file protein.txt (compact mmCIF, C-alpha atoms)
# COMPACT_ATOMS: atom_id res chain seq x y z
CA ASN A 49 -26.65 -48.16 -91.08
CA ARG A 50 -27.84 -44.80 -89.56
CA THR A 51 -26.78 -41.15 -88.80
CA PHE A 52 -26.37 -39.97 -85.16
CA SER A 53 -26.35 -36.38 -83.87
CA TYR A 54 -25.05 -35.32 -80.44
CA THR A 55 -25.32 -31.70 -79.32
CA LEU A 56 -23.85 -30.36 -76.04
CA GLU A 57 -25.81 -27.13 -75.34
CA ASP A 58 -23.42 -25.96 -72.56
CA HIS A 59 -20.27 -26.44 -74.78
CA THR A 60 -19.91 -22.79 -75.97
CA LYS A 61 -20.39 -21.45 -72.39
CA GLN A 62 -17.71 -23.95 -71.15
CA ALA A 63 -15.29 -23.16 -74.05
CA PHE A 64 -15.57 -19.38 -73.48
CA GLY A 65 -14.72 -20.07 -69.82
CA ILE A 66 -11.45 -21.81 -70.78
CA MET A 67 -10.95 -19.01 -73.42
CA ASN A 68 -11.33 -16.43 -70.59
CA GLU A 69 -8.79 -18.34 -68.39
CA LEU A 70 -6.22 -18.32 -71.24
CA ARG A 71 -6.64 -14.53 -71.73
CA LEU A 72 -6.23 -13.94 -67.93
CA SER A 73 -3.14 -16.28 -67.92
CA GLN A 74 -1.85 -14.39 -71.07
CA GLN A 75 -1.60 -17.69 -73.04
CA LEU A 76 -2.01 -18.02 -76.85
CA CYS A 77 -2.62 -14.21 -77.14
CA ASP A 78 -1.83 -12.50 -80.50
CA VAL A 79 -3.14 -8.93 -79.94
CA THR A 80 -2.17 -6.26 -77.36
CA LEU A 81 -4.46 -3.22 -77.10
CA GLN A 82 -2.57 -0.11 -75.90
CA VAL A 83 -5.46 2.06 -74.68
CA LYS A 84 -4.54 5.75 -74.19
CA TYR A 85 -7.35 8.27 -73.36
CA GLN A 86 -7.19 12.00 -72.33
CA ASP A 87 -5.71 12.30 -68.75
CA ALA A 88 -6.35 8.62 -67.71
CA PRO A 89 -3.12 6.54 -67.39
CA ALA A 90 -2.22 4.20 -70.28
CA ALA A 91 -3.28 0.51 -70.17
CA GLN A 92 -2.40 -2.72 -72.07
CA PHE A 93 -4.95 -5.40 -72.96
CA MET A 94 -3.84 -8.83 -74.19
CA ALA A 95 -6.44 -10.88 -76.09
CA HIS A 96 -7.09 -13.42 -78.93
CA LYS A 97 -7.92 -11.80 -82.32
CA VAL A 98 -10.61 -14.47 -83.11
CA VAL A 99 -12.57 -13.98 -79.83
CA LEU A 100 -12.49 -10.17 -80.46
CA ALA A 101 -13.49 -10.75 -84.12
CA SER A 102 -16.48 -12.94 -83.06
CA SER A 103 -17.91 -10.21 -80.75
CA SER A 104 -17.02 -7.13 -82.87
CA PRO A 105 -17.32 -6.73 -86.70
CA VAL A 106 -15.04 -3.66 -86.22
CA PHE A 107 -12.31 -5.90 -84.69
CA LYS A 108 -13.11 -8.62 -87.32
CA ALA A 109 -12.39 -6.17 -90.20
CA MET A 110 -9.32 -4.78 -88.32
CA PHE A 111 -7.45 -8.14 -88.07
CA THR A 112 -8.62 -9.76 -91.38
CA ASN A 113 -6.10 -8.00 -93.72
CA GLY A 114 -4.56 -10.88 -95.74
CA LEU A 115 -0.81 -10.58 -94.95
CA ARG A 116 -0.89 -12.23 -91.47
CA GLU A 117 1.25 -10.70 -88.64
CA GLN A 118 4.08 -13.00 -87.40
CA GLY A 119 2.92 -13.33 -83.77
CA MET A 120 1.98 -10.32 -81.61
CA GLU A 121 0.28 -7.21 -83.09
CA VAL A 122 0.18 -4.04 -80.93
CA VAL A 123 -2.95 -1.86 -81.51
CA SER A 124 -3.25 1.82 -80.55
CA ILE A 125 -6.72 2.77 -79.22
CA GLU A 126 -7.92 6.38 -78.62
CA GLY A 127 -11.26 7.94 -77.65
CA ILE A 128 -12.32 4.94 -75.52
CA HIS A 129 -11.60 5.04 -71.74
CA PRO A 130 -9.44 2.03 -70.53
CA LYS A 131 -12.14 0.89 -68.01
CA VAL A 132 -14.70 0.84 -70.89
CA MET A 133 -12.38 -1.28 -73.13
CA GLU A 134 -11.77 -3.62 -70.14
CA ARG A 135 -15.56 -4.20 -69.83
CA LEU A 136 -16.02 -4.67 -73.64
CA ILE A 137 -13.18 -7.30 -73.71
CA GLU A 138 -14.81 -8.93 -70.60
CA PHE A 139 -18.16 -9.00 -72.51
CA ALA A 140 -16.39 -10.61 -75.53
CA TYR A 141 -15.07 -13.42 -73.21
CA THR A 142 -17.80 -13.84 -70.50
CA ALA A 143 -21.07 -12.68 -72.31
CA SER A 144 -21.72 -10.16 -69.45
CA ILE A 145 -21.15 -6.43 -68.64
CA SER A 146 -21.40 -5.21 -65.05
CA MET A 147 -21.18 -1.39 -64.90
CA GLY A 148 -21.57 1.56 -62.52
CA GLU A 149 -24.57 3.84 -63.28
CA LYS A 150 -22.15 6.73 -64.20
CA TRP A 151 -20.37 4.53 -66.83
CA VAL A 152 -23.35 3.46 -69.05
CA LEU A 153 -23.08 6.38 -71.55
CA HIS A 154 -19.24 5.93 -71.88
CA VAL A 155 -19.74 2.13 -72.29
CA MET A 156 -22.29 2.68 -75.14
CA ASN A 157 -19.87 5.18 -76.80
CA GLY A 158 -17.29 2.35 -77.09
CA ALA A 159 -20.03 -0.23 -77.86
CA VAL A 160 -21.12 1.86 -80.90
CA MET A 161 -17.37 2.41 -81.74
CA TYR A 162 -16.74 -1.40 -81.89
CA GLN A 163 -20.27 -2.31 -83.16
CA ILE A 164 -21.12 -4.52 -80.16
CA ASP A 165 -24.85 -4.41 -81.20
CA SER A 166 -26.18 -6.24 -78.09
CA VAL A 167 -24.53 -3.95 -75.50
CA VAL A 168 -25.55 -0.79 -77.55
CA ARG A 169 -29.22 -1.92 -77.09
CA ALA A 170 -28.65 -2.83 -73.38
CA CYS A 171 -27.25 0.67 -72.62
CA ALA A 172 -29.85 2.49 -74.81
CA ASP A 173 -32.76 0.60 -73.14
CA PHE A 174 -31.30 1.39 -69.66
CA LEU A 175 -30.98 5.17 -70.35
CA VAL A 176 -34.64 5.40 -71.56
CA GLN A 177 -35.73 3.62 -68.29
CA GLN A 178 -34.09 6.45 -66.24
CA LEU A 179 -36.59 8.67 -68.24
CA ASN B 49 -25.37 5.46 -57.88
CA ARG B 50 -25.97 1.72 -58.72
CA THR B 51 -24.43 -1.39 -60.46
CA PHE B 52 -26.05 -2.82 -63.65
CA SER B 53 -25.58 -6.31 -65.11
CA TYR B 54 -26.50 -7.29 -68.69
CA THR B 55 -26.12 -10.88 -69.85
CA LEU B 56 -26.72 -12.04 -73.46
CA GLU B 57 -27.37 -15.82 -73.18
CA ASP B 58 -27.08 -16.42 -76.97
CA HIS B 59 -23.68 -14.57 -77.22
CA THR B 60 -21.39 -17.66 -77.03
CA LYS B 61 -23.52 -19.56 -79.63
CA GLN B 62 -23.36 -16.46 -81.94
CA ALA B 63 -19.57 -15.94 -81.38
CA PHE B 64 -18.79 -19.61 -82.14
CA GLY B 65 -20.79 -19.17 -85.37
CA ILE B 66 -18.54 -16.27 -86.49
CA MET B 67 -15.53 -18.33 -85.17
CA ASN B 68 -16.68 -21.23 -87.44
CA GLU B 69 -17.01 -18.86 -90.46
CA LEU B 70 -13.43 -17.59 -89.93
CA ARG B 71 -12.07 -21.18 -89.80
CA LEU B 72 -13.99 -22.09 -93.03
CA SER B 73 -12.71 -18.83 -94.69
CA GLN B 74 -9.16 -19.70 -93.37
CA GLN B 75 -8.90 -16.30 -91.59
CA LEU B 76 -6.87 -15.62 -88.39
CA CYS B 77 -5.75 -19.33 -88.29
CA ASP B 78 -2.48 -20.18 -86.47
CA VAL B 79 -2.46 -24.03 -86.54
CA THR B 80 -2.49 -26.51 -89.47
CA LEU B 81 -3.15 -30.16 -88.62
CA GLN B 82 -1.52 -32.53 -91.15
CA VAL B 83 -3.51 -35.73 -90.53
CA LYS B 84 -1.89 -38.89 -91.98
CA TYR B 85 -3.44 -42.32 -91.16
CA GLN B 86 -2.67 -45.86 -92.55
CA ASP B 87 -3.83 -46.09 -96.24
CA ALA B 88 -6.23 -43.05 -96.14
CA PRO B 89 -4.96 -40.02 -98.16
CA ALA B 90 -3.33 -37.15 -96.22
CA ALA B 91 -5.43 -34.13 -95.13
CA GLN B 92 -4.76 -30.57 -93.82
CA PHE B 93 -6.90 -28.87 -91.16
CA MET B 94 -6.56 -25.14 -90.47
CA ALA B 95 -7.86 -23.91 -87.10
CA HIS B 96 -7.40 -21.41 -84.20
CA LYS B 97 -5.24 -22.75 -81.30
CA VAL B 98 -7.53 -21.13 -78.64
CA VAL B 99 -10.78 -22.71 -79.95
CA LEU B 100 -8.98 -26.12 -80.03
CA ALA B 101 -7.54 -25.45 -76.53
CA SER B 102 -11.04 -24.62 -75.15
CA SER B 103 -12.52 -27.96 -76.35
CA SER B 104 -9.47 -30.21 -75.72
CA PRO B 105 -7.10 -30.18 -72.67
CA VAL B 106 -4.75 -32.28 -74.90
CA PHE B 107 -4.65 -29.45 -77.50
CA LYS B 108 -4.49 -26.86 -74.63
CA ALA B 109 -1.30 -28.49 -73.23
CA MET B 110 0.11 -28.94 -76.80
CA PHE B 111 0.03 -25.20 -77.72
CA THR B 112 0.77 -23.67 -74.26
CA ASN B 113 4.61 -24.10 -74.31
CA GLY B 114 5.93 -20.61 -73.37
CA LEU B 115 8.11 -19.67 -76.40
CA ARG B 116 5.25 -18.64 -78.77
CA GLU B 117 5.46 -19.67 -82.49
CA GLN B 118 5.80 -16.71 -84.92
CA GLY B 119 2.57 -17.30 -86.90
CA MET B 120 1.62 -20.71 -88.34
CA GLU B 121 2.49 -23.99 -86.55
CA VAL B 122 2.18 -27.25 -88.55
CA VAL B 123 1.17 -30.29 -86.42
CA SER B 124 1.65 -33.94 -87.44
CA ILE B 125 -1.23 -36.23 -86.37
CA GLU B 126 -1.16 -40.07 -86.54
CA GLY B 127 -3.52 -42.82 -85.36
CA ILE B 128 -6.66 -40.71 -85.92
CA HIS B 129 -8.53 -41.05 -89.26
CA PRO B 130 -8.89 -37.66 -91.15
CA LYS B 131 -12.75 -37.90 -91.19
CA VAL B 132 -12.69 -38.37 -87.36
CA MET B 133 -10.42 -35.29 -86.85
CA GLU B 134 -12.73 -33.31 -89.21
CA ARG B 135 -15.73 -34.16 -86.95
CA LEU B 136 -13.79 -33.38 -83.70
CA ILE B 137 -12.73 -29.93 -85.10
CA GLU B 138 -16.40 -29.40 -86.21
CA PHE B 139 -17.51 -30.28 -82.62
CA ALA B 140 -14.94 -27.75 -81.24
CA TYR B 141 -16.51 -25.00 -83.46
CA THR B 142 -20.26 -25.94 -83.72
CA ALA B 143 -20.94 -27.92 -80.42
CA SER B 144 -22.31 -30.87 -82.52
CA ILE B 145 -21.12 -34.22 -84.00
CA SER B 146 -23.14 -35.93 -86.73
CA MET B 147 -21.73 -39.40 -87.49
CA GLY B 148 -22.47 -42.59 -89.45
CA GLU B 149 -23.24 -45.66 -87.26
CA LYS B 150 -19.97 -47.36 -88.49
CA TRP B 151 -17.85 -44.34 -87.33
CA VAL B 152 -18.86 -44.10 -83.61
CA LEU B 153 -16.04 -46.38 -82.27
CA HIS B 154 -13.37 -44.56 -84.41
CA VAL B 155 -14.80 -41.16 -83.27
CA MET B 156 -14.53 -42.19 -79.55
CA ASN B 157 -10.93 -43.43 -80.17
CA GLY B 158 -9.98 -39.86 -81.21
CA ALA B 159 -12.28 -38.34 -78.53
CA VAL B 160 -10.36 -40.25 -75.81
CA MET B 161 -7.06 -39.32 -77.63
CA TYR B 162 -7.88 -35.56 -77.41
CA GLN B 163 -9.81 -35.79 -74.08
CA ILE B 164 -13.08 -34.44 -75.53
CA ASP B 165 -14.95 -35.73 -72.37
CA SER B 166 -18.49 -34.92 -73.64
CA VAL B 167 -18.19 -36.81 -76.97
CA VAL B 168 -16.47 -39.81 -75.18
CA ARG B 169 -19.67 -40.13 -73.05
CA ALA B 170 -21.96 -39.58 -76.10
CA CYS B 171 -20.25 -42.43 -78.05
CA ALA B 172 -19.99 -44.74 -74.97
CA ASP B 173 -23.72 -44.24 -74.13
CA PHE B 174 -24.65 -44.92 -77.80
CA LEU B 175 -22.66 -48.22 -78.00
CA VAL B 176 -24.31 -49.56 -74.78
CA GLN B 177 -27.77 -48.74 -76.33
CA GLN B 178 -26.95 -51.05 -79.31
CA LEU B 179 -26.60 -53.72 -76.49
call {"tool": "encode", "arguments": {"input": "protein.txt", "output": "structure tokens"}}
result
Amino acid sequence: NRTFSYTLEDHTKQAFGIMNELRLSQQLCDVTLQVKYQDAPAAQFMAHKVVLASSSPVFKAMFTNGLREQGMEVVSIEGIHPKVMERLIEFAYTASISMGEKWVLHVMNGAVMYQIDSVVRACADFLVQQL
Amino acid sequence: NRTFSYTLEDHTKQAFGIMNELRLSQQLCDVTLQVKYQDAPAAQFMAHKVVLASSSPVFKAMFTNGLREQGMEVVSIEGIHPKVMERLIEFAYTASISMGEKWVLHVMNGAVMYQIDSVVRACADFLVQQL
């Protein structure tokens, strides 16, 4: 004759870890990102639409279009370097971006592009620190 | 000429919140769970295979079968009460189970069934506390 709450704090961190494994194993993926940019060679990025939607309101609006795709959607991406997209996907799955000093401005360009608010601030705060 | 890490701690909590909204709005869903149990009326549960996979190694093994389903898979579920499955899905998306005292044993039955390790322990520790 009572109500009982249990909350595992570490759950989301653990679940995103298994979600990262599935992406790396190319399991349960429904989006492929074909990233072409200037003279850099073309790259493919398999992911889960929901994980991308949860980290990017730009990706959220992109995949929520009513008439659901039967399986795998291919997406063309231009203006973002493939290394930048790789780090933004990694952020979406791991909660962390590690980046070379020379990449920060290009990372923020794609962060603004995909409205990844938190990494826009992280890059902007870093650039001001370099004076 | 340096490497720079940024880590947003709250990211996974925030992303699971948007992931919960999408489930409740029935957006980007790829699994429906038709839960039938004894004399209880039948229920449908729309979810994302990856979120279910990340919280349950039983669901992970269920959906990782090579030949990917073109869109929406319907799953028949028996032996688990629909209120129990509702709370296990909610745990998978929110990291929390709130349950009536009279439900704990039935919750653990489904928690064992879907190998949700953390909620098995939470129920088992609760039942021992009631002597």
call {"tool": "closest_residue", "arguments": {"input": "protein.txt", "among": "A:84, A:154, A:97, A:108", "to": "residue 126 of chain A", "atoms": "all atoms listed in the file"}}
result
A:84
call {"tool": "residues_around", "arguments": {"input": "protein.txt", "residues": "residue 80 of chain B", "least_positions_apart": "5", "cutoff": "6 Å", "atoms": "all atoms listed in the file", "output": "list in words"}}
result
residues 93, 94 and 122 of chain B
call {"tool": "atom_distance", "arguments": {"input": "protein.txt", "atom1": "atom CA of residue 81 of chain B", "atom2": "atom CA of residue 120 of chain A"}}
result
21.7 Å
call {"tool": "closest_atom_pairs", "arguments": {"input": "protein.txt", "of": "segment 89-148 of chain B", "to": "segment 55-70 of chain B", "cutoff": "9 Å", "atoms": "only C-alpha atoms", "output": "CSV"}}
result
residue,atom,partner,partner_atom,distance
B:95,CA,B:70,CA,8.9
B:96,CA,B:67,CA,8.7
B:99,CA,B:67,CA,8.3
B:138,CA,B:68,CA,8.3
B:141,CA,B:68,CA,5.5
B:142,CA,B:64,CA,6.7
B:143,CA,B:64,CA,8.8
call {"tool": "write_last_selection", "arguments": {"input": "protein.txt", "atoms": "C-alpha atoms", "output": "PDB file, in the coordinates of the input"}}
result
ATOM      1  CA  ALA B  95      -7.860 -23.910 -87.100  1.00  0.00           C
ATOM      2  CA  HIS B  96      -7.400 -21.410 -84.200  1.00  0.00           C
ATOM      3  CA  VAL B  99     -10.780 -22.710 -79.950  1.00  0.00           C
ATOM      4  CA  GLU B 138     -16.400 -29.400 -86.210  1.00  0.00           C
ATOM      5  CA  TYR B 141     -16.510 -25.000 -83.460  1.00  0.00           C
ATOM      6  CA  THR B 142     -20.260 -25.940 -83.720  1.00  0.00           C
ATOM      7  CA  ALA B 143     -20.940 -27.920 -80.420  1.00  0.00           C
TER       8      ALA B 143
END
call {"tool": "closest_residue", "arguments": {"input": "protein.txt", "among": "A:100, A:153, A:83, A:164", "to": "residue 124 of chain A", "atoms": "only C-alpha atoms"}}
result
A:83
call {"tool": "closest_atom_pairs", "arguments": {"input": "protein.txt", "of": "chain A", "to": "chain B", "cutoff": "7 Å", "atoms": "only C-alpha atoms", "output": "Markdown table"}}
result
| residue | atom | partner | partner_atom | distance |
| --- | --- | --- | --- | --- |
| A:49 | CA | B:149 | CA | 5.7 |
| A:50 | CA | B:149 | CA | 5.2 |
| A:51 | CA | B:148 | CA | 4.6 |
| A:52 | CA | B:147 | CA | 5.2 |
| A:53 | CA | B:146 | CA | 4.3 |
| A:54 | CA | B:145 | CA | 5.4 |
| A:55 | CA | B:144 | CA | 4.5 |
| A:56 | CA | B:143 | CA | 5.8 |
| A:59 | CA | B:143 | CA | 5.9 |
| A:60 | CA | B:60 | CA | 5.4 |
| A:61 | CA | B:60 | CA | 6.1 |
| A:63 | CA | B:102 | CA | 4.6 |
| A:66 | CA | B:102 | CA | 5.2 |
| A:67 | CA | B:102 | CA | 5.9 |
| A:75 | CA | B:112 | CA | 6.5 |
| A:76 | CA | B:98 | CA | 6.6 |
| A:98 | CA | B:76 | CA | 6.6 |
| A:102 | CA | B:63 | CA | 4.6 |
| A:103 | CA | B:63 | CA | 6.0 |
| A:112 | CA | B:75 | CA | 6.5 |
| A:117 | CA | B:119 | CA | 7.0 |
| A:118 | CA | B:119 | CA | 4.6 |
| A:119 | CA | B:118 | CA | 4.6 |
| A:143 | CA | B:56 | CA | 5.8 |
| A:144 | CA | B:55 | CA | 4.5 |
| A:145 | CA | B:54 | CA | 5.4 |
| A:146 | CA | B:53 | CA | 4.3 |
| A:147 | CA | B:52 | CA | 5.2 |
| A:148 | CA | B:51 | CA | 4.6 |
| A:149 | CA | B:50 | CA | 5.2 |
| A:170 | CA | B:54 | CA | 6.8 |
call {"tool": "atom_distance", "arguments": {"input": "protein.txt", "atom1": "atom CA of residue 131 of chain B", "atom2": "atom CA of residue 178 of chain B"}}
result
22.7 Å
call {"tool": "atom_distance", "arguments": {"input": "protein.txt", "atom1": "atom CA of residue 135 of chain A", "atom2": "atom CA of residue 155 of chain A"}}
result
8.0 Å
call {"tool": "residues_near_point", "arguments": {"input": "protein.txt", "point": "(-11.4, -33.5, -80.4)", "cutoff": "6 Å", "atoms": "only C-alpha atoms", "output": "MDAnalysis selection string"}}
result
chainID B and resid 136 159 162 164
call {"tool": "write_last_selection", "arguments": {"input": "protein.txt", "atoms": "C-alpha atoms", "output": "PDB file, in the coordinates of the input"}}
result
ATOM      1  CA  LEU B 136     -13.790 -33.380 -83.700  1.00  0.00           C
ATOM      2  CA  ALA B 159     -12.280 -38.340 -78.530  1.00  0.00           C
ATOM      3  CA  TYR B 162      -7.880 -35.560 -77.410  1.00  0.00           C
ATOM      4  CA  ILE B 164     -13.080 -34.440 -75.530  1.00  0.00           C
TER       5      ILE B 164
END
call {"tool": "decode", "arguments": {"input": "protein.txt", "residues": "segment 81-113 of chain B", "atoms": "N, CA and C atoms", "output": "mmCIF file, in the first residue's frame"}}
result
data_model
loop_
_atom_site.group_PDB
_atom_site.id
_atom_site.type_symbol
_atom_site.label_atom_id
_atom_site.label_comp_id
_atom_site.auth_asym_id
_atom_site.auth_seq_id
_atom_site.Cartn_x
_atom_site.Cartn_y
_atom_site.Cartn_z
ATOM 1 N N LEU B 81 5.258 -3.243 -29.820
ATOM 2 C CA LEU B 81 5.127 -4.379 -28.924
ATOM 3 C C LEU B 81 3.647 -4.609 -28.613
ATOM 4 N N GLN B 82 3.063 -5.654 -29.221
ATOM 5 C CA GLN B 82 1.715 -6.116 -28.906
ATOM 6 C C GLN B 82 1.785 -7.009 -27.673
ATOM 7 N N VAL B 83 1.395 -6.457 -26.520
ATOM 8 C CA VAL B 83 1.463 -7.158 -25.241
ATOM 9 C C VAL B 83 0.084 -7.715 -24.885
ATOM 10 N N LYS B 84 -0.049 -9.049 -24.968
ATOM 11 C CA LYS B 84 -1.230 -9.799 -24.547
ATOM 12 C C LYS B 84 -0.854 -10.658 -23.337
ATOM 13 N N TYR B 85 -1.718 -10.677 -22.297
ATOM 14 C CA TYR B 85 -1.446 -11.347 -21.020
ATOM 15 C C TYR B 85 -2.733 -11.770 -20.303
ATOM 16 N N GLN B 86 -2.964 -13.100 -20.168
ATOM 17 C CA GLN B 86 -4.087 -13.704 -19.438
ATOM 18 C C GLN B 86 -5.440 -13.039 -19.767
ATOM 19 N N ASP B 87 -6.109 -12.424 -18.767
ATOM 20 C CA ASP B 87 -7.417 -11.780 -18.919
ATOM 21 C C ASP B 87 -7.346 -10.251 -19.087
ATOM 22 N N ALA B 88 -6.140 -9.656 -18.918
ATOM 23 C CA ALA B 88 -5.894 -8.222 -19.143
ATOM 24 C C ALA B 88 -6.131 -7.858 -20.615
ATOM 25 N N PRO B 89 -6.698 -6.669 -20.934
ATOM 26 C CA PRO B 89 -6.886 -6.324 -22.351
ATOM 27 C C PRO B 89 -5.556 -6.070 -23.046
ATOM 28 N N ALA B 90 -5.513 -6.342 -24.359
ATOM 29 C CA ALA B 90 -4.328 -6.182 -25.194
ATOM 30 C C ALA B 90 -3.885 -4.721 -25.268
ATOM 31 N N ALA B 91 -2.566 -4.504 -25.409
ATOM 32 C CA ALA B 91 -1.950 -3.184 -25.489
ATOM 33 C C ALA B 91 -0.850 -3.162 -26.546
ATOM 34 N N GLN B 92 -0.636 -1.988 -27.165
ATOM 35 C CA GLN B 92 0.411 -1.733 -28.159
ATOM 36 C C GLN B 92 1.442 -0.770 -27.588
ATOM 37 N N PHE B 93 2.726 -1.028 -27.839
ATOM 38 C CA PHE B 93 3.782 -0.150 -27.353
ATOM 39 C C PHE B 93 4.794 0.164 -28.440
ATOM 40 N N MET B 94 4.726 1.389 -28.980
ATOM 41 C CA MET B 94 5.683 1.858 -29.970
ATOM 42 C C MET B 94 6.955 2.356 -29.312
ATOM 43 N N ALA B 95 8.104 1.948 -29.865
ATOM 44 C CA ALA B 95 9.426 2.327 -29.373
ATOM 45 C C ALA B 95 10.495 2.316 -30.492
ATOM 46 N N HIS B 96 11.746 2.646 -30.119
ATOM 47 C CA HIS B 96 12.922 2.643 -30.983
ATOM 48 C C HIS B 96 13.794 1.458 -30.582
ATOM 49 N N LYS B 97 14.051 0.537 -31.525
ATOM 50 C CA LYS B 97 14.805 -0.702 -31.310
ATOM 51 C C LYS B 97 16.127 -0.487 -30.581
ATOM 52 N N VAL B 98 16.875 0.591 -30.928
ATOM 53 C CA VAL B 98 18.177 0.929 -30.332
ATOM 54 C C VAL B 98 18.109 1.311 -28.858
ATOM 55 N N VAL B 99 17.082 2.087 -28.456
ATOM 56 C CA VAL B 99 16.893 2.483 -27.061
ATOM 57 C C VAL B 99 16.570 1.231 -26.232
ATOM 58 N N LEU B 100 15.699 0.348 -26.770
ATOM 59 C CA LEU B 100 15.350 -0.933 -26.148
ATOM 60 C C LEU B 100 16.540 -1.871 -26.064
ATOM 61 N N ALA B 101 17.376 -1.897 -27.115
ATOM 62 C CA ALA B 101 18.609 -2.683 -27.191
ATOM 63 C C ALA B 101 19.630 -2.250 -26.140
ATOM 64 N N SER B 102 19.728 -0.930 -25.888
ATOM 65 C CA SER B 102 20.698 -0.328 -24.971
ATOM 66 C C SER B 102 20.381 -0.588 -23.489
ATOM 67 N N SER B 103 19.116 -0.915 -23.183
ATOM 68 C CA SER B 103 18.628 -1.140 -21.820
ATOM 69 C C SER B 103 18.395 -2.628 -21.527
ATOM 70 N N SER B 104 18.291 -3.442 -22.590
ATOM 71 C CA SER B 104 17.973 -4.864 -22.506
ATOM 72 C C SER B 104 18.849 -5.675 -23.476
ATOM 73 N N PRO B 105 19.749 -6.550 -22.972
ATOM 74 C CA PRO B 105 20.450 -7.486 -23.874
ATOM 75 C C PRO B 105 19.549 -8.550 -24.521
ATOM 76 N N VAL B 106 18.342 -8.761 -23.959
ATOM 77 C CA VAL B 106 17.302 -9.631 -24.518
ATOM 78 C C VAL B 106 16.688 -8.963 -25.755
ATOM 79 N N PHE B 107 16.362 -7.657 -25.663
ATOM 80 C CA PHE B 107 15.881 -6.887 -26.811
ATOM 81 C C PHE B 107 16.993 -6.677 -27.855
ATOM 82 N N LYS B 108 18.251 -6.483 -27.396
ATOM 83 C CA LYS B 108 19.418 -6.300 -28.261
ATOM 84 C C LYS B 108 19.604 -7.501 -29.173
ATOM 85 N N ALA B 109 19.523 -8.726 -28.612
ATOM 86 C CA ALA B 109 19.669 -9.982 -29.355
ATOM 87 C C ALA B 109 18.475 -10.250 -30.279
ATOM 88 N N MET B 110 17.280 -9.794 -29.868
ATOM 89 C CA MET B 110 16.004 -9.932 -30.569
ATOM 90 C C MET B 110 16.000 -9.190 -31.912
ATOM 91 N N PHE B 111 16.506 -7.939 -31.930
ATOM 92 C CA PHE B 111 16.475 -7.071 -33.109
ATOM 93 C C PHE B 111 17.743 -7.142 -33.976
ATOM 94 N N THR B 112 18.885 -7.587 -33.414
ATOM 95 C CA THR B 112 20.110 -7.780 -34.201
ATOM 96 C C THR B 112 20.105 -9.194 -34.826
ATOM 97 N N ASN B 113 19.540 -9.299 -36.049
ATOM 98 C CA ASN B 113 19.340 -10.565 -36.760
ATOM 99 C C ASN B 113 19.770 -10.521 -38.245
#
